[PDB]
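K.L.:
My structure is below; once you've seen it, I'll send some questions.
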Protein chains: 2
Amino acid sequence: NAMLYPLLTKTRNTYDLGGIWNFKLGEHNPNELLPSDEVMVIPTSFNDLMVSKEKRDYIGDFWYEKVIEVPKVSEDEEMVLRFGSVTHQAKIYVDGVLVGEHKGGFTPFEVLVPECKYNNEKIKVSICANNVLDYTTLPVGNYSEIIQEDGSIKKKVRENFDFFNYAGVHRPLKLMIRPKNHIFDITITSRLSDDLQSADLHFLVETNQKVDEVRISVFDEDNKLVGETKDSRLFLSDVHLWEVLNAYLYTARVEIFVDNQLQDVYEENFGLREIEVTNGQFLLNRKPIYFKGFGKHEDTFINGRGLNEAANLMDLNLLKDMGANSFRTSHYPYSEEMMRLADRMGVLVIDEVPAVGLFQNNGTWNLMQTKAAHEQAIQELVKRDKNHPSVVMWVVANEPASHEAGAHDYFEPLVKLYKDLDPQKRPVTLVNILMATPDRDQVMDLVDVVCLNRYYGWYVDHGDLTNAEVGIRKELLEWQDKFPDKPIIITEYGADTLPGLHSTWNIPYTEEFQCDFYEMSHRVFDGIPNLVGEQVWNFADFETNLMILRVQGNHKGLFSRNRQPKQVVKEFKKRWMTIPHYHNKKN
Amino acid sequence: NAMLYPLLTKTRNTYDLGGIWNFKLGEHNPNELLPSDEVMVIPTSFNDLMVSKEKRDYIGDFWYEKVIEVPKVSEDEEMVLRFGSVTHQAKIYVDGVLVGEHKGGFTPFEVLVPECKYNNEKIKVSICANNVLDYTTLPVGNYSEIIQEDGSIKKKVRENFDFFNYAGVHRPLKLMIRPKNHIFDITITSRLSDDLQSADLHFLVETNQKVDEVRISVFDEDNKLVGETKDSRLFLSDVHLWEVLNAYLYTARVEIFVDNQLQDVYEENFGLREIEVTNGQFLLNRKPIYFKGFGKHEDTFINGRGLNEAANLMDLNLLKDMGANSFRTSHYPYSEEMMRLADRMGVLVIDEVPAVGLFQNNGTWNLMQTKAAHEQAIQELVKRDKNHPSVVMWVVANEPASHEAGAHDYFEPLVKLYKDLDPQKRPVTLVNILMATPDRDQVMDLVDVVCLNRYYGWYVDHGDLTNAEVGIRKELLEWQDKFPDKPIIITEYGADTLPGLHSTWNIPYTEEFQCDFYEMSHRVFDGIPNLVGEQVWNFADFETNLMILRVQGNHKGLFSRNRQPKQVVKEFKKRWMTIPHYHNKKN
Ligand SMILES: [Mg+2]
Ligand SMILES: [Mg+2]
Ligand SMILES: [Mg+2]
Ligand SMILES: [Mg+2]
């Protein structure tokens with residue numbers, strides 16, 4: 001119900017509630033006043049702000065509480081609390097009274113403030129956040145409890161994924177004043193003409209009550225009116241297409257009227273671009289695209305998984321400079337701010353739900369109770385991002401046990417849910433793990449694009465690039481042979497590389513070996529006609545939990561965690577600026 | 001003016017204008033539409049977001065521009081743009097019309113939006129920022145122009161200070177709807193009783209127009225009413241003092257009434273605590289205080305000088321954990337968010353204007369045209385921060401040429417300005433440079449506290465701790481003898497230390513030598529009765545410009561720039577947790 005990005009309009013007052021909140025790790029009664037003994041920032045992960053390991057490793061309920069002054073609310077208006085996200089679970093309280101809940105730490109949700117408080121001077125907002133992950137949540141965790149022999153139970157979450165379980169309120173919290181009779185949702189679809197000069201637009205505006213008129217004004221990038229409609233349909237000539245690294249955005253100003261007066265107004269951006277997957281190719285605007293980019297992470301020093309718009313722009317500027325053109329929201333939906341940035345900069349985005357960890361240590365599909373959370377995640381993501389021209393593909397899961405029995409039955413309705421909910425019917429994919437090699441895999445028949453995470457030379461044939469090349473070329477041909485019409489994209493491939501580590505003997509973990517690894521990989525990729533994309537793992541080093549294979553987090557980044565480059569960055573820029581975005585390898 | 005922190009009240013609608021703005025380094029006509037070819041985040045430094053050195057080193061005018069939808073503004077209301085800061089200079093435009101201007105990159109200012117646009121659908125806000133520094137600006141820079149012989153002028157700023165000239169809109173920009181007749185300033189003072197159990201509160205509420213009644217309600221930390229008055233004076237009993245690392249804050253809800261109806265409402269926090277400098281001691285609540293802490297910088301990766309509240313809380317939590325109690329806003333006023341955080345966490349703050357670089361690379365005071373900027377800086381800082389209980393001392397300058405002729409005449413009226421403007425009449429100091437030995441210095445007689453930046457063992461007697469110890473002890477005794485009743489605080493002392501550098505032979509730049517340097521320093525400090533504080537340089541590594549003494553920035557941090565500790569951090573925690581906050585070394 002809150003998939004529309006929060007705006008300041010003539011009918012919508014949007015206030016930011018970010019800043020210092022009273023904080024507590026542990027139990028709390030929302031009817032009681034949380035003291036200011038401990039405080040916390042919104043938005044940010046709380047973890048790296050804790051000095052001790054004990055508090056940084058906390059699992060369970062943790063509270064945010066602050067008294068907010070009530071703004072003027074008219075009779076025909078309603079006041080809601082719009083969360084960008086709360087990680088992972090949340091129960092929201094107003095004056096000690098439960099007013100909303102949400103499960104899933106990477107999707108936005110709104111909560112209605114009771115009308116009986118609109119004339120009060122202040123309201124106390126309490127946020128009960130929860131970072132527990134188990135077999136019912138996305139992402140998947142291994143939950144356990146141990147008795148401290150002190151009388152209390154201590155919770156632990158052994159992650160089923162390769163990234164640190166950062167938690168907290170990671171995205172902006174807004175106090176929204178909006179009309180009771182308001183615009184609920186906007187869907188924008190287009191059919192491009194045969195000459196790509198015209199477009200048949202369709203605006204599906206959802207309301208909660210009914211209005212006499214639904215007016216839509218369309219403006220270009222010069223803020224010039226180019227179209228008007230009251231019947232949810234509009235034809236437009238002299239269109240400017242949204243292009244890769246050359247974006248063009250229109251704005252649809254939607255106005256609803258009752259008795260000839262404005263009830264609510266909203267502005268939704270959109271881009272004109274065509275997507276089609278056919279004949280082992282990914283077509284953008286009817287031209288073959290070669291994906292060049294990164295698997296990423298919402299990860300930065302200090303803030304952790306918290307929003308940092310400066311980081312987004314810095315990352316995307318580096319992406320553009322290297323000659324790259326895309327990235328994947330691994331392994332969870334990123335902030336709306338990032339998606340809007342990608343729209344504005346013309347960066348292709350592979351959108352992904354938090355479906356990572358669907359893998360036992362078998363009998364995975366008798367153990368995974370994630371169906372409910374998986375369906376909601378797909379519902380929320382599509383509803384939130386369906387209008388983004390940057391979003392070009394959906395991901396049902398990252399490295400699930402797609403070789404075990406019951407896998408095909410699990411994913412078929414989920415792939416279908418993507419196809420049913422997305423009005424653009426964009427391609428959906430499943431990110432494949434090495435254990436699910438062509439013969440054993442039983443799910444890749446459901447998707448439109450084959451996405452592979454392969455580490456020949458790092459995990460398999462470690463430090464053995466000679467035999468790694470034989471192995472990767474062998475399997476890529478197997479995939480291409482099993483699905484002759486499906487395009488292939490490498491979504492993950494890389495090697496842990498610590499800055500400063502050097503050698504003349506192609507030694508793993510050194511900067512030179514990272515260069516050698518990618519050079520070999522690309523030699524193989526360029527020989528596969530159906531391979532239409534390469535996305536490295538990762539853009540930058542990121543935090544993980546404690547595992548012997550992890551040398552203080554993950555170091556497969558091309559850049560360090562401070563966005564400083566490694567040796568391999570210079571090499572990628574040469575390759576990526578040589579290969580055009582529109583690149584046909586069928587010739 | 002714009003001294004008051006932006007709040008959301010029933011009479012004040014405050015909207016955040018942060019996000020993505022259309023950006024351009026170079027010339028621009030605000031009557032024209034800035035395209036979206038380049039974008040930039042507010043708030044952040046723009047520098048580290050540029051991939052190329054050329055654009056990162058840009059000096060001159062650079063523009064932010066965005067079309068903003070106008071919210072509801074009633075007949076008795078006005079609409080202003082409230083900038084937390086713009087670095088360094090700014091001209092503000094609304095629909096191409098100049099409407100505001102400010103000089104100084106670290107203080108807030110507001111700008112009125114023309115009333116004739118309150119009923120317009122949208123307004124275009126253009127920000128013409130400028131990062132030029134010279135002999136008329138604070139901080140001081142060495143400006144120069146060189147023709148590229150292409151017909152164009154290339155500007156260059158050679159900094160007169162040891163930190164990178166980060167620029168941009170570093171702090172939140174607010175769109176504020178407020179009543180035309182509003183509260184524009186609130187001054188809160190208090191006289192503590194002899195038993196420290198009661199307090200006499202004085203309030204000075206300033207409005208731009210006449211009001212019938214000023215009602216002030218005071219609430220404690222439990223949000224309970226403890227007093228109310230219409231006469232701007234109030235007596236309190238059973239008061240709770242604001243203590244070091246044990247803060248207690250009261251809230252003053254100020255309401256102005258006209259014709260028996262609410263005109264405007266604002267809430268200002270304050271703390272009850274007493275400050276006095278006497279007999280070579282710094283007294284907080286009539287008890288001898290020992291300062292333990294850091295000289296800091298508003299500096300993180302990516303954001304540069306941009307506001308990061310998470311970074312503020314992370315740093316202050318580390319400060320608290322180590323047993324420290326204070327820091328200095330070197331070398332410019334920090335964000336209001338940081339000051340308010342320090343209030344909440346009971347951290348002592350030495351507040352500082354950007355008066356750094358008053359030193360010619362003699363005759364400094366025949367070349368410095370900084371008088372006007374210096375007076376404004378003091379006026380703005382005091383007006384903004386006077387109600388902060390965390391602020392315990394003002395700095396008039398950092399390392400000026402205080403040994404040259406003309407120095408005393410320059411600083412005497414500036415020290416006086418601090419005393420005249422500050423209603424609490426807090427001690428003011430001058431941060432002294434090593435060239436100005438007790439015999440040479442001619443300005444320290446004006447200040448209440450002697451603050452010294454000394455690097456015996458690093459700059460003088462480099463890597464010779466034996467001779468360094470003699471030198472620092474010798475001069476410290478001279479300062480104590482020249483000013484027998486002035487407290488001494490070491491505001492800077494440290495050694496560049498790159499993580500990973502190790503040796504058994506006390507080698508500079510290694511982690512061991514940093515420990516050795518500080519161990520020697522403290523042995524000396526503990527033998528000086530009048531030395532009442534130690535603040536290291538720096539808390540964390542930070543960015544500087546290019547010069548041979550700088551190994552990719554400054555590495556004198558106890559922590560790395562990513563807030564990871566160095567070897568010495570463990571040693572400081574031992575010492576700082578043994579020495580209490582209230583520590584009398586007169587005995
Ligand atoms: Mg930030
Ligand atoms: Mg491989
Ligand atoms: Mg020294
Ligand atoms: Mg001592």
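Identifiers in the structure tokens: chain A, B, ... in order shown; residue index from 1 per chain; ligand index from 1 in order shown.
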Can you pull out every residue within 12 Å of residue 157 in chain A, counting only C-alpha atoms, but drop anything in the same chain fewer than 3 positions away, and send it as number ranges by chain?

P.N.:
A: 57-60, 130-135, 137, 139-146, 154, 160-161, 164-166, 545-546

K.L.:
The selected residues should be written to file as an mmCIF file, in the first residue's frame (atoms: N, CA, C and O atoms).

P.N.:
```
data_model
loop_
_atom_site.group_PDB
_atom_site.id
_atom_site.type_symbol
_atom_site.label_atom_id
_atom_site.label_comp_id
_atom_site.auth_asym_id
_atom_site.auth_seq_id
_atom_site.Cartn_x
_atom_site.Cartn_y
_atom_site.Cartn_z
ATOM 1 N N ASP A 57 26.882 -8.248 18.181
ATOM 2 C CA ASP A 57 26.342 -9.558 17.821
ATOM 3 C C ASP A 57 24.940 -9.794 18.380
ATOM 4 O O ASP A 57 24.454 -10.925 18.372
ATOM 5 N N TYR A 58 24.297 -8.740 18.871
ATOM 6 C CA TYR A 58 22.985 -8.887 19.497
ATOM 7 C C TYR A 58 21.914 -9.388 18.532
ATOM 8 O O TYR A 58 21.793 -8.899 17.408
ATOM 9 N N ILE A 59 21.135 -10.361 18.990
ATOM 10 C CA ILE A 59 20.010 -10.883 18.223
ATOM 11 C C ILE A 59 18.737 -10.847 19.064
ATOM 12 O O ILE A 59 18.721 -11.328 20.198
ATOM 13 N N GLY A 60 17.674 -10.270 18.511
ATOM 14 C CA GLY A 60 16.402 -10.196 19.207
ATOM 15 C C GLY A 60 15.693 -8.874 18.985
ATOM 16 O O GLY A 60 15.875 -8.228 17.954
ATOM 17 N N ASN A 130 13.469 -6.240 14.913
ATOM 18 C CA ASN A 130 13.915 -7.594 15.209
ATOM 19 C C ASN A 130 14.803 -8.145 14.096
ATOM 20 O O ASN A 130 14.428 -8.118 12.923
ATOM 21 N N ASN A 131 15.981 -8.638 14.466
ATOM 22 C CA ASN A 131 16.956 -9.101 13.483
ATOM 23 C C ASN A 131 17.082 -10.619 13.399
ATOM 24 O O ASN A 131 18.040 -11.137 12.823
ATOM 25 N N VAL A 132 16.116 -11.327 13.971
ATOM 26 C CA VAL A 132 16.110 -12.783 13.917
ATOM 27 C C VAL A 132 15.817 -13.272 12.502
ATOM 28 O O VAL A 132 14.879 -12.808 11.857
ATOM 29 N N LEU A 133 16.642 -14.194 12.017
ATOM 30 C CA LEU A 133 16.386 -14.865 10.749
ATOM 31 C C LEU A 133 16.315 -16.370 10.979
ATOM 32 O O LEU A 133 17.056 -16.916 11.797
ATOM 33 N N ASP A 134 15.410 -17.037 10.270
ATOM 34 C CA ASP A 134 15.279 -18.486 10.372
ATOM 35 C C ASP A 134 14.876 -19.113 9.039
ATOM 36 O O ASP A 134 15.237 -18.611 7.975
ATOM 37 N N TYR A 135 14.128 -20.209 9.102
ATOM 38 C CA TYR A 135 13.718 -20.920 7.895
ATOM 39 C C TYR A 135 12.383 -20.417 7.348
ATOM 40 O O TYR A 135 11.861 -20.956 6.373
ATOM 41 N N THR A 137 12.074 -16.918 7.016
ATOM 42 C CA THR A 137 12.412 -15.562 6.601
ATOM 43 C C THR A 137 13.284 -15.522 5.352
ATOM 44 O O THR A 137 14.008 -16.472 5.052
ATOM 45 N N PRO A 139 16.269 -12.954 3.975
ATOM 46 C CA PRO A 139 17.085 -14.140 3.683
ATOM 47 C C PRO A 139 17.003 -15.212 4.769
ATOM 48 O O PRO A 139 16.518 -14.950 5.871
ATOM 49 N N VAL A 140 17.477 -16.410 4.444
ATOM 50 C CA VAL A 140 17.382 -17.557 5.338
ATOM 51 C C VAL A 140 18.485 -17.546 6.395
ATOM 52 O O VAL A 140 19.636 -17.231 6.098
ATOM 53 N N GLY A 141 18.126 -17.886 7.630
ATOM 54 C CA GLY A 141 19.096 -17.998 8.703
ATOM 55 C C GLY A 141 18.961 -19.297 9.477
ATOM 56 O O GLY A 141 17.946 -19.988 9.377
ATOM 57 N N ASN A 142 19.992 -19.633 10.246
ATOM 58 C CA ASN A 142 19.966 -20.816 11.099
ATOM 59 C C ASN A 142 19.809 -20.425 12.564
ATOM 60 O O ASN A 142 20.794 -20.217 13.271
ATOM 61 N N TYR A 143 18.561 -20.331 13.010
ATOM 62 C CA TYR A 143 18.255 -19.849 14.352
ATOM 63 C C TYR A 143 18.503 -20.902 15.428
ATOM 64 O O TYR A 143 18.232 -22.085 15.227
ATOM 65 N N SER A 144 19.019 -20.460 16.570
ATOM 66 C CA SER A 144 19.251 -21.348 17.704
ATOM 67 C C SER A 144 19.243 -20.576 19.020
ATOM 68 O O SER A 144 19.550 -19.384 19.054
ATOM 69 N N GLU A 145 18.888 -21.265 20.099
ATOM 70 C CA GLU A 145 18.867 -20.661 21.425
ATOM 71 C C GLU A 145 19.645 -21.516 22.417
ATOM 72 O O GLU A 145 19.497 -22.739 22.443
ATOM 73 N N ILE A 146 20.473 -20.871 23.229
ATOM 74 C CA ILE A 146 21.196 -21.573 24.282
ATOM 75 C C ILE A 146 20.947 -20.926 25.642
ATOM 76 O O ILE A 146 20.925 -19.700 25.767
ATOM 77 N N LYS A 154 20.027 -16.925 25.291
ATOM 78 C CA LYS A 154 20.760 -16.103 24.335
ATOM 79 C C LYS A 154 20.552 -16.610 22.912
ATOM 80 O O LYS A 154 20.814 -17.775 22.610
ATOM 81 N N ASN A 160 22.779 -17.973 6.544
ATOM 82 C CA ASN A 160 22.889 -18.896 5.425
ATOM 83 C C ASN A 160 23.291 -18.146 4.164
ATOM 84 O O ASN A 160 22.923 -18.531 3.055
ATOM 85 N N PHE A 161 24.044 -17.067 4.347
ATOM 86 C CA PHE A 161 24.467 -16.221 3.238
ATOM 87 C C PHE A 161 25.829 -15.592 3.512
ATOM 88 O O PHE A 161 26.294 -15.567 4.651
ATOM 89 N N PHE A 164 27.336 -9.907 6.168
ATOM 90 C CA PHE A 164 27.042 -9.659 7.575
ATOM 91 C C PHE A 164 25.577 -9.282 7.792
ATOM 92 O O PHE A 164 24.986 -8.562 6.986
ATOM 93 N N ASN A 165 25.001 -9.777 8.882
ATOM 94 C CA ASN A 165 23.597 -9.527 9.191
ATOM 95 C C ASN A 165 23.378 -8.150 9.816
ATOM 96 O O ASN A 165 22.927 -8.044 10.956
ATOM 97 N N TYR A 166 23.712 -7.103 9.065
ATOM 98 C CA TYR A 166 23.463 -5.732 9.499
ATOM 99 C C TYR A 166 21.972 -5.522 9.719
ATOM 100 O O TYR A 166 21.152 -5.942 8.903
ATOM 101 N N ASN A 545 30.279 -12.309 8.208
ATOM 102 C CA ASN A 545 30.426 -12.847 9.553
ATOM 103 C C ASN A 545 31.775 -13.534 9.717
ATOM 104 O O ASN A 545 32.645 -13.426 8.852
ATOM 105 N N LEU A 546 31.942 -14.260 10.816
ATOM 106 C CA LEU A 546 33.203 -14.939 11.086
ATOM 107 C C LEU A 546 33.255 -16.356 10.519
ATOM 108 O O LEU A 546 32.608 -17.268 11.032
#
```

K.L.:
Could you list, as a list in words, every residue within 9 Å of residue 187 in chain A, counting only C-alpha atoms and ignoring same-chain residues fewer than 5 positions away?

P.N.:
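In the requested format, the answer is residues 202, 203, 204, 205, 206, 383, 386, 387 and 423 of chain A.
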
K.L.:
So that each row is one residue of chain A with an atom at most 7 Å from ligand 2, can you give its shortest atom pair and the distance in Å to one decimal, using only C-alpha atoms and all ligand atoms, rows by chain and rising number, as a tab-separated table?

P.N.:
```
residue	atom	partner	partner_atom_place_in_ligand_line	distance
A:454	CA	ligand 2	1 (Mg)	4.4
A:455	CA	ligand 2	1 (Mg)	4.0
A:456	CA	ligand 2	1 (Mg)	3.9
A:457	CA	ligand 2	1 (Mg)	6.4
A:472	CA	ligand 2	1 (Mg)	5.6
A:493	CA	ligand 2	1 (Mg)	5.6
A:521	CA	ligand 2	1 (Mg)	5.9
```

K.L.:
Using only N, CA, C and O atoms, please write the residues we just selected to a file, as a PDB file, in the first residue's frame.

P.N.:
```pdb
ATOM      1  N   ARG A 454      29.996 -18.452 -11.101  1.00  0.00           N
ATOM      2  CA  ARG A 454      31.072 -19.420 -11.295  1.00  0.00           C
ATOM      3  C   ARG A 454      32.425 -18.917 -10.805  1.00  0.00           C
ATOM      4  O   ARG A 454      32.807 -17.774 -11.059  1.00  0.00           O
ATOM      5  N   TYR A 455      33.147 -19.788 -10.106  1.00  0.00           N
ATOM      6  CA  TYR A 455      34.433 -19.434  -9.520  1.00  0.00           C
ATOM      7  C   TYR A 455      35.528 -20.451  -9.851  1.00  0.00           C
ATOM      8  O   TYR A 455      36.322 -20.820  -8.982  1.00  0.00           O
ATOM      9  N   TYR A 456      35.566 -20.905 -11.100  1.00  0.00           N
ATOM     10  CA  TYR A 456      36.642 -21.780 -11.551  1.00  0.00           C
ATOM     11  C   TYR A 456      37.968 -21.036 -11.467  1.00  0.00           C
ATOM     12  O   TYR A 456      38.182 -20.055 -12.177  1.00  0.00           O
ATOM     13  N   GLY A 457      38.853 -21.502 -10.594  1.00  0.00           N
ATOM     14  CA  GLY A 457      40.136 -20.854 -10.408  1.00  0.00           C
ATOM     15  C   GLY A 457      40.271 -20.252  -9.026  1.00  0.00           C
ATOM     16  O   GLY A 457      41.368 -19.884  -8.605  1.00  0.00           O
ATOM     17  N   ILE A 472      35.686 -24.117 -16.887  1.00  0.00           N
ATOM     18  CA  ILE A 472      34.658 -23.111 -17.142  1.00  0.00           C
ATOM     19  C   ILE A 472      34.152 -23.154 -18.586  1.00  0.00           C
ATOM     20  O   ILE A 472      32.951 -23.025 -18.829  1.00  0.00           O
ATOM     21  N   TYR A 493      31.673 -13.721 -10.505  1.00  0.00           N
ATOM     22  CA  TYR A 493      32.972 -14.346 -10.726  1.00  0.00           C
ATOM     23  C   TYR A 493      34.054 -13.395 -10.228  1.00  0.00           C
ATOM     24  O   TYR A 493      34.055 -12.211 -10.569  1.00  0.00           O
ATOM     25  N   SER A 521      39.164 -15.646 -17.490  1.00  0.00           N
ATOM     26  CA  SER A 521      37.709 -15.754 -17.535  1.00  0.00           C
ATOM     27  C   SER A 521      37.137 -15.113 -18.791  1.00  0.00           C
ATOM     28  O   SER A 521      36.234 -15.660 -19.424  1.00  0.00           O
TER      29      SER A 521
END
```

K.L.:
Which polymer residues have any atom within 6 Å of an atom of residue 326 in chain A, counting only C-alpha atoms, with same-chain residues fewer than 6 positions away left out, as an mmCIF file with N, CA and C atoms, in the first residue's frame?

P.N.:
```cif
data_model
loop_
_atom_site.group_PDB
_atom_site.id
_atom_site.type_symbol
_atom_site.label_atom_id
_atom_site.label_comp_id
_atom_site.auth_asym_id
_atom_site.auth_seq_id
_atom_site.Cartn_x
_atom_site.Cartn_y
_atom_site.Cartn_z
ATOM 1 N N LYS A 292 27.781 -5.284 -18.855
ATOM 2 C CA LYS A 292 29.075 -5.102 -18.208
ATOM 3 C C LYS A 292 28.854 -4.368 -16.892
ATOM 4 N N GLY A 293 29.212 -5.003 -15.781
ATOM 5 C CA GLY A 293 29.003 -4.392 -14.483
ATOM 6 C C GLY A 293 29.371 -5.245 -13.286
ATOM 7 N N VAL A 347 21.476 3.408 -16.081
ATOM 8 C CA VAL A 347 22.159 2.181 -15.685
ATOM 9 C C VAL A 347 21.186 1.009 -15.587
ATOM 10 N N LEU A 348 21.478 -0.066 -16.313
ATOM 11 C CA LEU A 348 20.633 -1.257 -16.301
ATOM 12 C C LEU A 348 20.689 -1.950 -14.942
ATOM 13 N N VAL A 349 19.534 -2.351 -14.425
ATOM 14 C CA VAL A 349 19.478 -2.966 -13.104
ATOM 15 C C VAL A 349 18.785 -4.325 -13.114
#
```

K.L.:
Run DSSP on the backbone and give me the residues of range 98-229 of chain A it puts in strand (DSSP E), as number ranges by chain.

P.N.:
A: 98-103, 109-112, 122-130, 141-147, 153-159, 173-179, 183-192, 199-207, 213-219, 225-229

K.L.:
Around ligand 3, which protein and nucleic acid residues have at least one atom no more than 10 Å from it, if we count only C-alpha atoms and all ligand atoms? List them as a ChimeraX atom specification.

P.N.:
/B:434,452-461,465,468-469,471-473,475-476,490,492-495,517-518,520-522,524-525

K.L.:
Let's have the selection written as a compact mmCIF listing (two decimals), in the first residue's frame, with N, CA and C atoms.

P.N.:
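The resulting file, part_25.txt, is reproduced below:
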```
# COMPACT_ATOMS: atom_id res chain seq x y z
N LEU B 434 53.90 25.96 17.44
CA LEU B 434 55.20 25.69 18.06
C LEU B 434 56.24 26.80 17.86
N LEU B 452 48.01 24.40 23.51
CA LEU B 452 49.26 24.22 22.78
C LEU B 452 49.23 23.04 21.82
N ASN B 453 49.67 23.28 20.58
CA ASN B 453 49.90 22.22 19.61
C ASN B 453 51.38 21.90 19.53
N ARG B 454 51.80 20.81 20.17
CA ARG B 454 53.22 20.48 20.23
C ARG B 454 53.55 19.09 19.68
N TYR B 455 54.62 19.01 18.90
CA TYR B 455 55.01 17.76 18.26
C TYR B 455 56.49 17.42 18.49
N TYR B 456 56.95 17.58 19.73
CA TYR B 456 58.31 17.18 20.08
C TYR B 456 58.47 15.68 19.90
N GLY B 457 59.35 15.29 18.99
CA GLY B 457 59.55 13.88 18.69
C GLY B 457 59.08 13.53 17.30
N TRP B 458 58.28 14.41 16.71
CA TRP B 458 57.81 14.19 15.34
C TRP B 458 58.31 15.26 14.37
N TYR B 459 57.97 16.52 14.63
CA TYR B 459 58.42 17.62 13.78
C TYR B 459 59.78 18.13 14.23
N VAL B 460 59.90 18.41 15.53
CA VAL B 460 61.19 18.73 16.13
C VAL B 460 61.70 17.47 16.83
N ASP B 461 63.00 17.19 16.68
CA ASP B 461 63.60 15.97 17.22
C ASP B 461 62.91 14.73 16.66
N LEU B 465 63.03 10.54 20.77
CA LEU B 465 62.18 10.74 21.94
C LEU B 465 62.98 11.17 23.17
N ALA B 468 63.46 14.74 22.68
CA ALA B 468 62.11 15.28 22.59
C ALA B 468 61.54 15.52 23.98
N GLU B 469 61.78 14.58 24.88
CA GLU B 469 61.25 14.66 26.24
C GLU B 469 61.80 15.87 26.99
N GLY B 471 62.88 18.68 25.55
CA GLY B 471 62.34 19.86 24.91
C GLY B 471 60.91 20.21 25.31
N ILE B 472 60.04 19.21 25.36
CA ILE B 472 58.65 19.45 25.72
C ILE B 472 58.50 19.81 27.20
N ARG B 473 59.28 19.15 28.06
CA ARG B 473 59.23 19.45 29.48
C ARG B 473 59.74 20.87 29.74
N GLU B 475 59.71 23.56 27.71
CA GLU B 475 58.78 24.60 27.27
C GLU B 475 57.51 24.64 28.11
N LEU B 476 57.01 23.47 28.49
CA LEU B 476 55.80 23.39 29.30
C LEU B 476 55.99 24.09 30.64
N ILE B 490 46.90 20.51 26.10
CA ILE B 490 47.53 20.09 24.85
C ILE B 490 46.43 19.74 23.86
N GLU B 492 46.91 19.44 20.41
CA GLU B 492 47.43 18.60 19.34
C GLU B 492 48.77 17.99 19.72
N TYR B 493 48.85 16.67 19.64
CA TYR B 493 50.12 15.95 19.75
C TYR B 493 49.95 14.55 19.18
N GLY B 494 50.85 14.18 18.27
CA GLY B 494 50.74 12.90 17.60
C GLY B 494 51.87 12.62 16.63
N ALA B 495 51.76 11.49 15.95
CA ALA B 495 52.78 11.04 15.00
C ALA B 495 52.09 10.27 13.88
N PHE B 517 55.80 7.38 21.31
CA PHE B 517 55.63 8.83 21.30
C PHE B 517 54.66 9.29 22.37
N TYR B 518 53.50 8.64 22.44
CA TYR B 518 52.47 9.02 23.40
C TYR B 518 52.86 8.67 24.84
N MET B 520 55.92 8.69 26.08
CA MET B 520 56.85 9.73 26.50
C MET B 520 56.11 11.03 26.81
N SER B 521 55.17 11.39 25.93
CA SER B 521 54.40 12.62 26.09
C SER B 521 53.67 12.66 27.43
N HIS B 522 53.02 11.56 27.77
CA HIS B 522 52.23 11.48 28.99
C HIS B 522 53.08 11.53 30.26
N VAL B 524 55.70 13.30 30.62
CA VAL B 524 55.96 14.72 30.79
C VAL B 524 54.72 15.44 31.32
N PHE B 525 53.57 15.17 30.69
CA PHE B 525 52.32 15.85 31.03
C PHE B 525 51.97 15.69 32.50
```

K.L.:
Show which residues sit within 9 Å of residue 192 in chain B, as a PyMOL selection string. Count only C-alpha atoms, and ignore same-chain residues fewer than 6 positions away.

P.N.:
chain B and resi 198-201+272-274

K.L.:
Give me the residues near residue 336 in chain A as number ranges by chain, where near means some atom within 9 Å (using only C-alpha atoms) and where sequence neighbours in that chain fewer than 3 positions away do not count.

P.N.:
A: 5, 84, 333, 339-341, 384-385

K.L.:
Could you list, as a list in words, all protein and nucleic acid residues with an atom at most 10 Å from ligand 1, counting only C-alpha atoms and all ligand atoms?

P.N.:
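These are the residues that qualify: residues 43, 44, 300, 302, 303, 306, 307, 308, 309, 310 and 311 of chain A; 42, 43, 44, 300, 302, 303, 306, 307, 308, 309, 310 and 311 of chain B.
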
K.L.:
Please identify all protein, DNA and RNA residues within 8 Å of ligand 4, counting only C-alpha atoms and all ligand atoms, and report them as a VMD selection string.

P.N.:
chain B and resid 525 to 527 579 583 585

K.L.:
Just to confirm, what's the straight-line distance from CA of residue 372 in chain B to CA of residue 138 in chain B in Å (one decimal)?

P.N.:
9.8 Å

K.L.:
Which residues are close to range 437-451 of chain A, i.e. within 9 Å by only C-alpha atoms, leaving aside same-chain residues fewer than 3 positions away? Reply as number ranges by chain.

P.N.:
A: 277-278, 280, 282, 393, 401-405, 407-409, 411-412, 415-416, 427-434, 475, 478-479, 482-483, 486-492
